[PDB]
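The sequence lines fix the lettering, A, B, ..., with proteins before strands; numbering per chain opens at 1.
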Amino acid sequence: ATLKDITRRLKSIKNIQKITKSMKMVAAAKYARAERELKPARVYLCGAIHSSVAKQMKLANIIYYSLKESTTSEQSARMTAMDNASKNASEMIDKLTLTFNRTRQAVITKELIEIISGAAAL
Amino acid sequence: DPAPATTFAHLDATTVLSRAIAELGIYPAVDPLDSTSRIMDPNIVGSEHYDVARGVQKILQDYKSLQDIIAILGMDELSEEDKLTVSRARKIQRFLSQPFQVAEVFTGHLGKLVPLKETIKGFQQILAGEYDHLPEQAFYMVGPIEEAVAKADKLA
Amino acid sequence: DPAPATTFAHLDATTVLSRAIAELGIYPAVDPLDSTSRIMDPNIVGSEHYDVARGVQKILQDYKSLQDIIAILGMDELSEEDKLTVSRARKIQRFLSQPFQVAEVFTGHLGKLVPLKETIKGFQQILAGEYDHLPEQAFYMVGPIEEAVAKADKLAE
Amino acid sequence: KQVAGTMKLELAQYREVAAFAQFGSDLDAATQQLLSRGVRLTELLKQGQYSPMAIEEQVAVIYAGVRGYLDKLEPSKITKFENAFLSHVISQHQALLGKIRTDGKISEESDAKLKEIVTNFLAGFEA
């Protein structure tokens with residue numbers, strides 16, 4: 001392990017957590033708008049949206065419908081995906097900080113004991 | 001770290017002052033959910049005190065959760081229940097502030113030394129819903145709960 | 001480390017090499033963000049030189065910061081302008097490498113010596129957008145910018 | 001004190017959303033304005049070496065951004081604006097700089113005269 005390593009990972013993963021955190025809320029807003037417009041329609045990093053449709057996949061009437069269902073779904077999915085990803089980043093930050101502080105303490109101790117052993121051997 | 005961890009062996013409580021809390025104008029800047037205490041035990045501070053303390057703590061924790069939706073996702077689709085959690089929580093959070101006798105000379109306001117009995121009653125009543133008909137500012141920088149109602153009337 | 005650390009103050013200019021940069025095949029493995037010079041002042045090496053140099057460090061530091069993020073979140077989240085600076089940062093990174101006469105036994109390339117002006121010009125042109133159309137690998141291990149355009153051509157099929 | 005308190009408040013809000021900046025493809029006008037002020041202010045915080053400025057020049061430049069005058073100016077230009085603007089006030093507006101000093105703070109008059117200078121200067125700059 002290395003304090004250099006942890007410190008950088010920590011800096012990156014802390015930015016990832018905030019960024020992803022923001023996306024969660026953005027999607028969330030889009031999801032709200034999209035759901036309001038989903039009312040009238042039925043009277044006629046997106047989680048796993050893309051994968052589902054593409055796997056099962058391989059006028060104007062339906063088009064609008066799908067599109068409306070699509071946007072709602074995607075934003076719900078994305079919201080969920082980013083919410084979870086920022087949570088995962090949070091836990092990983094906490095865990096990395098713990099490792100950082102164990103290493104920081106072992107390093108202090110280890111350097112000091114070298115100094116004492118050298119001193120004492122005189 | 002060996003220093004703080006050795007210290008904590010002897011602590012019976014912690015008082016946390018926060019720049020954030022401060023900035024909300026809540027004085028003292030005591031963080032209500034960070035500050036902890038060992039004697040905060042039913043068998044020690046009594047069951048009443050305990051239930052009200054926890055009750056305030058939870059209302060605050062819930063509010064925190066809800067806040068994400070409130071300002072961002074629009075504070076409108078809030079269930080009858082959620083509407084009150086937010087309103088009471090904000091009053092309680094404001095009622096947690098208090099004029100100190102020490103600041104008197106600067107704030108030009110009598111400091112209020114509030115008796116444990118008064119404290120328990122107040123927060124108990126706000127959790128209850130008895131004061132759900134007063135403006136927030138009425139619970140801001142007061143002492144005894146009575147003074148909260150009094151300010152309300154004066155503010156209208 | 002105490003040895004290298006205490007040496008710094010004794011210098012007027014420092015060129016700091018990095019194993020990480022060497023590992024990528026960028027030679028010389030100079031760290032553009034950790035090499036300094038007392039004379040790097042507009043009043044000495046001049047304005048054009050000074051601005052270009054700071055302009056290169058900046059785009060390189062910007063990139064360095066997006067790296068770790070976009071490696072997880074995917075580059076698709078980058079806006080056109082951002083993915084534009086990312087493209088030129090990598091080109092600049094490669095144009096910073098150079099075949100050494102002394103290193104021919106290792107690079108398998110003919111050493112190259114680039115005069116100050118040419119260095120300034122080329123980098124200034126990359127910063128300015130003038131070579132957004134050449135692939136990165138054209139800038140890898142060449143001398144003057146002109147060779148970057150040649151190599152770009154060279155890549156036919 | 002006056003101008004500093006505002007800039008510090010705005011930079012702190014900026015530091016909060018700062019990360020979302022380069023990834024906020026579709027950000028709401030609320031946080032979008034926070035990013036714009038923040039960059040502007042950050043730019044005004046840059047200063048070349050060997051040229052320490054007087055307190056009144058400091059407050060005048062901070063004023064420009066903290067008052068939103070440079071919100072629509074492109075961030076890359078801010079530095080250029082600052083030097084030209086400051087040279088102008090040091091040249092033609094010594095009285096204003098004097099007032100800001102002597103009067104202790106930014107009076108209603110000074111604030112009014114600053115409005116006219118920045119807005120007109122900016123327009124010529126973007127011309």
Side-chain angles (χ1 to χ4, degrees), chain A residues 4 7-8 11-12 15, chain C residues 4 8-9 11-71 78 81-98 114-132 136 139-142 144-145 148, chain D residues 18-19 21-22 39 42-51 74-80 82-83:
Chain A
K4 286 293 293 304
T7 304
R8 181 192 181 145
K11 274 162 96 205
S12 71
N15 269 326
Chain C
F8 284 98
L11 311 174
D12 289 300
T14 52
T15 297
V16 167
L17 283 27
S18 155
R19 186 179 308 279
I21 297 175
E23 175 168 23
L24 306 189
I26 301 306
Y27 287 114
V30 172
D31 191 337
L33 303 167
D34 206 12
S35 308
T36 64
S37 173
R38 177 166 304 195
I39 61 144
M40 230 315 260
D41 175 321
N43 303 321
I44 302 159
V45 307
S47 85
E48 180 158 308
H49 191 165
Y50 182 82
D51 297 353
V52 174
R54 288 305 188 224
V56 161
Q57 295 180 310
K58 185 168 176 324
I59 200 167
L60 294 170
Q61 177 66 74
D62 289 349
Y63 176 64
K64 185 160 183 188
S65 297
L66 285 161
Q67 288 184 44
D68 311 281
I69 299 185
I70 76 173
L78 283 188
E81 303 299 313
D82 285 56
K83 61 200 279 229
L84 194 46
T85 90
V86 173
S87 269
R88 322 179 163 151
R90 318 190 96 234
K91 297 185 188 182
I92 286 176
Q93 172 183 151
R94 293 159 164 70
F95 190 54
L96 279 166
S97 68
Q98 174 175 353
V114 183
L116 197 51
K117 287 169 189 186
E118 285 297 310
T119 288
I120 304 187
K121 177 224 209 152
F123 282 102
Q124 178 178 356
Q125 310 179 305
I126 295 168
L127 283 176
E130 293 170 56
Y131 299 109
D132 290 21
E136 269 167 17
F139 305 85
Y140 187 54
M141 275 296 299
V142 286
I145 183 52
Chain D
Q22 293 178 290
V39 311
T42 300
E43 290 293 322
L44 312 174
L45 287 180
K46 305 189 195 182
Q47 196 169 332
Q49 182 166 26
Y50 315 122
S51 62
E74 189 186 331
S76 17
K77 282 66 209 81
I78 304 277
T79 304
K80 174 200 209 194
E82 197 200 299
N83 180 231

* Structure fact -> Minimal heavy-atom distance between C/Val45 and C/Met40, with the atoms involved, is CG2-SD, 4.2 Å

* Asked: Within a strict 4.5 Å, meaning less than it, do heavy atoms of the C/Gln93 and C/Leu24 side chains meet?
  -> yes

* **Considering all heavy atoms, the nearest C/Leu60-C/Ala89 contact** => CD2-O, 3.6 Å

* Under a 4.5 Å cut-off applied to non-hydrogen side-chain atoms, are C/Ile92 and C/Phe123 in contact? -> yes

* If we only count heavy atoms from C-beta on, is the C/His49 to C/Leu116 side-chain gap below 4.5 Å? -> yes

* Are C/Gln61 and C/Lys58 side-chain neighbours, meaning at least one heavy-atom pair lies under 4.5 Å? -> no

* Would you give the length of the straight line joining atom OG of D/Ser51 to atom CG of D/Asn83, rounded to the nearest 0.5 angstrom? => 9.0 Å

* In terms of side-chain geometry, is the basic nitrogen of C/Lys91 or C/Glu136 positioned less than 4.0 Å from the acidic oxygen of its partner? -> no

* Give a yes or no on whether the backbone of A/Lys4 and the side-chain of A/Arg8 come within a donor-acceptor separation of less than 3.5 Å. => no

* Who passes side chain to side chain donor-acceptor pair (under 3.5 Å) against D/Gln47, sequence neighbours left out? -> none

* Asked: Among side-chain atoms of C/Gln57 and C/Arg54, is any donor-acceptor pair under 3.5 angstrom?
  -> yes

* To do: State, with a plain yes or no, whether a side-chain heavy atom of C/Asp68 is found less than 4.5 Å away from one of A/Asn15.
  => no

* Asked: Can you tell me how far the CG atom of C/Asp41 sits from the OH atom of D/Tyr50, to the nearest 0.5 Å?
  -> 5.5 Å

* To do: Could you check whether the rings of C/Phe139 and C/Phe95 sit parallel, tilted or perpendicular, using 30° and 60° as the cut-offs?
  => perpendicular

* D/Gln22 CD to C/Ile70 CD1 distance, which is reported to the nearest 0.5 Å -> 10.5 Å

* **Minimum-distance pair of heavy atoms, taken over all atoms of C/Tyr140 and C/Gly25** => OH-O, 2.6 Å

* Asked: Between atom CD1 of C/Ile126 and atom CZ of C/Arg94, what is the distance when rounded to the nearest 0.5 Å?
  -> 11.0 Å

* CG on C/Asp62 to NZ on C/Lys64, rounded to 0.5 Å -> 12.0 Å

* **Side-chain heavy-atom pair C/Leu127, C/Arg88 within 4.5 angstrom cut-off** => no

* So how far is it from C/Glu48 CD to C/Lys117 NZ, rounded to the nearest 0.5 Å? -> 10.5 Å

Distance-only check: which donor-acceptor pairs under 3.5 Å involve side-chain atoms of residues 26-36 of chain C, not counting sequence neighbours?
| from | atom 1 | to | atom 2 | distance (Å) |
| --- | --- | --- | --- | --- |
| C/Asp31 | OD1 | C/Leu33 | N | 2.9 |
| C/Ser35 | OG | C/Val16 | N | 3.3 |
| C/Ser35 | OG | C/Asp31 | O | 2.7 |
| C/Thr36 | OG1 | C/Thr14 | OG1 | 3.1 |

